[PDB]
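> missing the sequence, but the structure's below:
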Ligand SMILES: C[C@]1(c2cc(NC(=O)c3ccc(C#N)cn3)ccc2F)N=C(N)O[C@H](C(F)(F)F)[C@@H]1F
Ligand code: NA
Ligand code: NA
């Protein structure tokens, strides 16, 4: 409760490749770097010598592996993986001092899944059983951790935008954030779905039916880079950001993430984005505010516009999370946000989490 020195700084990454944590699977333990992903629910690890991989799970070396004699096939818009289901013993060396028997999908075939040049070999899906594959009977890693140990049912993430950060399993570390935590209800335990109730660009409202913000869902997802916005909201958001900054002109492809843009060694024209999220109390909300620093990503002085359009709803990816300490408070069905002690900023403006605000009709903002 409160202080977890052994877990601080337990994430690494490369800009553009996500954040991963060291884990061990089997007996004797096999060390693997595993992508932290709050927008999926399978613990899926490379188990065959794909050329992009530094290492992979060799089930044959493990005395504690149990075969579930069941295959899984998992396609996405981009690519897919297939593998074999089983269970084995898992630890997190820079996490709690416990070992749990967990489901593992040993990935035996993949396309456009693994990143060439990255340092991770699997994915730790931290969301709920409802979106596990093949079906909701394949219990996720975190539910196994909680069922088999005294670890409380919550974890928190500080993603520092090369990259690093902290995954605190079982608690909150107060050194990772400043000011207060504000909480939004997890609307349904599948993804970490939340409800956005207002959006402002430099404190001007987009003024849309708030149902549009959440069409068909909004989620918090450390396994995606961009702030992704429903097409209609995305149209409104860039129209308003373009206008906000038109002191400078940029090729239009830029706004679609189709070309990059460059300077040397300009931020103050770019506006802040405020998302107000449904609060814990009736008619109460709070707001989180991000900086151009989060939505303009460095590529290597050339940046990518990292807000993009979506047909799967809003996705608050690593772009949003890197401003904030984010507490995934599963025991109470709520996600807390606070200003991260490590967020990328400047002398003028800071990322911010403020409340309470009075917002009426917040349940209308949910899509059904
Ligand atoms: C399972 C999945 C996934 C994520 C990544 N993520 C990354 O490669 C990555 C790269 C950079 C950053 C950062 N910052 C974070 N993540 C790669 C493959 C993959 F299948 N997880 C999520 N949430 O969304 C992906 C989707 F549903 F979109 F397909 C997909 F489900
Ligand atoms: Na328990
Ligand atoms: Na603090």
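Structure's in. What do you need? Numbers count the residues shown, from 1 in each chain. Ligands and ions are numbered 1, 2, ... in the order given.
> which parts of the stretch 201-350 of the chain are strands?
204-205, 218-220, 227-230, 261-262, 273-278, 284-290, 296-299, 302-305, 307-310, 314-316, 324-329, 334-340 (DSSP state E, counting those that start in this stretch).
> so what are the sheet partners of the second one and their directions?
For strand 218-220, sheet partners with direction are given as strand 193-194 (antiparallel), strand 314-316 (parallel), following DSSP bridges.
> those into CSV, with extra columns for distance to ligand 3 and mean neighbour count?
Every residue, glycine included, has its C-beta placed from N, CA and C. Compiled in CSV, the strands paired with strand 218-220 are given as follows (distance: least, CB to the ion, whole Å; neighbours: other CB atoms under 10 Å):
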stretch, distance to ligand 3, mean neighbour count
strand 193-194, 22, 22
strand 314-316, 22, 28
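> how about residue 254: what's its closest non-neighbour residue?
residue 261 (5.2 Å; CB to CB, 6 or more residues apart in numbering).
> so how far is residue 201 from the one you found?
19 Å (CB to CB, to the nearest Å).
> for the stretch 51-200 of the chain, which residues are neighbours of ligand 3?
174, 177 (CB under 5 Å from the ion).
> do you know how far the residue of the stretch 51-200 of the chain found nearest ligand 3 is from residue 332?
Per CB to the ion, residue 174 is where the stretch 51-200 of the chain lies closest to ligand 3, at 4.0 Å. Distance, residue 174 to residue 332, by CB to CB: 18 Å.
> what's near enough to touch residue 284?
Residue 284 makes contacts with 355-359, as judged by CB atoms under 8 Å, 6 or more residues apart in numbering.
> test my guess that residue 43 contacts residue 101.
No - with contacts defined as CB atoms under 8 Å, residue 43 does not count as touching residue 101, sitting 11.7 Å away.
> overlap in contacts of those two?
residue 90.
> which one of these two is surrounded by more residues?
residue 43 (26 against 14; other CB atoms under 10 Å).
> specify the beta-bridge partners of that one.
Beta-bridge partners, per DSSP bridges, of residue 43: residue 124.
> can we start the residue count at 59 from this point?
Fine by me, first position is 59 from now on; the one you just mentioned is residue 101.
> ok, for the most centrally placed residue in the chain, nearest residue in space, not its chain neighbours?
For the chain, residue 280 is the residue whose C-alpha lies nearest the centre (CA atoms, centre = their mean; 1.4 Å). Closest residue to residue 280 apart from its sequence neighbours, by CB to CB, 6+ apart: residue 96 at 4.7 Å.
> now that neighbour: how far from residue 425?
20 Å.
> can you check residue 106 too?
40 Å.
> using CSV, lay out the strands paired with strand 276-278 together with distance to ligand 1.
Formatted as CSV, the strands paired with strand 276-278 follow (distance: least, CB to the nearest ligand atom, whole Å):
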stretch, distance to ligand 1
strand 251-252, 13
strand 372-374, 8
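> which bits of this protein sit near ligand 1?
74-76, 93, 95, 97-98, 134, 171, 173, 181, 279, 281-283, 376 (CB under 6 Å from any ligand atom).
> selection in PyMOL covering whichever of the residues you listed are buried, please.
PyMOL command restricting those to the buried ones, with burial defined by 16 or more other CB atoms under 10 Å:
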select buried, resi 74+75+76+93+95+97+98+171+181+279+281+282+283+376
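> which ones among the residues of the chain next to ligand 1 are found in helices?
Counting by DSSP state H, the part of the residues of the chain next to ligand 1 found in helices is residue 376.
> of the residues of the chain next to ligand 1, closest to residue 140?
The closest of the residues of the chain next to ligand 1 to residue 140 turns out to be residue 171 (CB to CB; 10.2 Å).
> residues contacting the closest one?
134, 137-139, 165.
> out of those residues, who's nearest residue 82?
For these, the nearest to residue 82 is residue 165 (17.5 Å; CB to CB).
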